[PDB]
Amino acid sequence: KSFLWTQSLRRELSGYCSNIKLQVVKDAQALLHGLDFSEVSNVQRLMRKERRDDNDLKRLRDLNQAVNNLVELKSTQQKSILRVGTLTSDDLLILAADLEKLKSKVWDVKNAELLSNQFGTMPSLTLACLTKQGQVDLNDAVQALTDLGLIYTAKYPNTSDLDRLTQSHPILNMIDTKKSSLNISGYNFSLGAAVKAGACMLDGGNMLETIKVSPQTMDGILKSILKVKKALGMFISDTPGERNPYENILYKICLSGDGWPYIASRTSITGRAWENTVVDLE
């Protein structure tokens, strides 16, 4: 059902998707030229520790700022106050309740808010890190991830899909699914981040990953999502562990009214989706 949700969202939001491959590639090249990869190595290791502290977090945050300064695909602080118009009163109540649900759902740090928006995955960073650490040409990484994107037009790629691909694209050996883990940052490799990057490598395909939001399109994008929510009966799961495609898109869109919700640098953003998008039920 999950892939069906993703598929139905792609169909419905096709008009907000676009080709961003060369823009991602340009950002990846900017990182390859400008990034301190010894510190990338340092942050990767630090993020993999069983127990992390404010020292580790500062290292992540500083590196993030450096990455953010180099790339052009960035999301910016943009609060949205949703009001009736494109969205009906009923729609606003649905969105309000779902954001409230999202809100309702080891680190040793003084301020947990400094974790917010620092742990995301960005295709350009993924490409840069694979290319540099995998010791191949950027194009080698691009071609490999393109195949992964193609698989993603048909299904969620899994470890087996990945294993098969590696037979023709050895760079993908950098992605050790055994070593991948939750919340270890976009500097470390994972199948999920590789799939997100592959999704940007395609010509067409209506990949959600390529969506751009602006204040002028925010309401229409939300209205389209709500159409699909109704059609397929999508919902925010009450279990604080699962994250389905609807929760995923709603959170990512509502984090900012200006940017690329899935793939931009979002490390300059403060706040969570339920703080950055609010509803005036009036």
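Numbering starts at 1 and runs along the sequence shown.
A.B. asks: If you count the residues of the deposited sequence that sit between residue 105 and residue 106 but have no coordinates, do you get none, 1 to 3, 4 to 9, or 10 or more?
C.D. replies: According to the record, 10 or more deposited residues lack coordinates from residue 105 to residue 106.
A.B. asks: Look over 260-268 and 9-17 in the entry and identify the one with the greater average Cα temperature factor.
C.D. replies: 9-17 has the higher mean C-alpha B-factor.
A.B. asks: Please compare 213-221 with 57-65 and name the stretch with the higher mean C-alpha B-factor in the deposited structure.
C.D. replies: The deposited B-factors put 57-65 ahead on the C-alpha mean.
A.B. asks: For the listed residues 164, 196, 155, 74, which one has the largest C-alpha B-factor as given in the deposited model?
C.D. replies: Each of 164, 196, 155, 74 was compared by C-alpha B-factor; the highest is 164.
A.B. asks: Between 112, 81, 191, 207, where does the Cα B-factor run highest in the record?
C.D. replies: When the deposited C-alpha B-factors of 112, 81, 191, 207 are compared, 112 is largest.
A.B. asks: Comparing residue 136 with the other modelled residues of its chain, is its CA B-factor in the lowest, middle or highest third?
C.D. replies: Top third by C-alpha B-factor.
A.B. asks: Of the three thirds of its chain by CA temperature factor, lowest, middle or highest, which one includes residue 252?
C.D. replies: Its C-alpha B-factor, which the entry lists for residue 252, ranks in the lowest third among residues of this chain.
A.B. asks: Using only modelled residues of the chain, where does the Cα B factor of residue 159 rank: lowest third, middle third or highest third?
C.D. replies: Ranked within chain, residue 159 CA B lands in the highest tercile.
A.B. asks: Which third of the chain holds residue 143 when residues are ordered by C-alpha B factor: lowest, middle or highest?
C.D. replies: For residue 143, the deposited C-alpha B-factor lands in the middle third.
A.B. asks: State the tercile, meaning the lowest, middle or highest third, of residue 203 with respect to the CA B-factors recorded for its chain.
C.D. replies: Middle third of the chain for residue 203's C-alpha B-factor.
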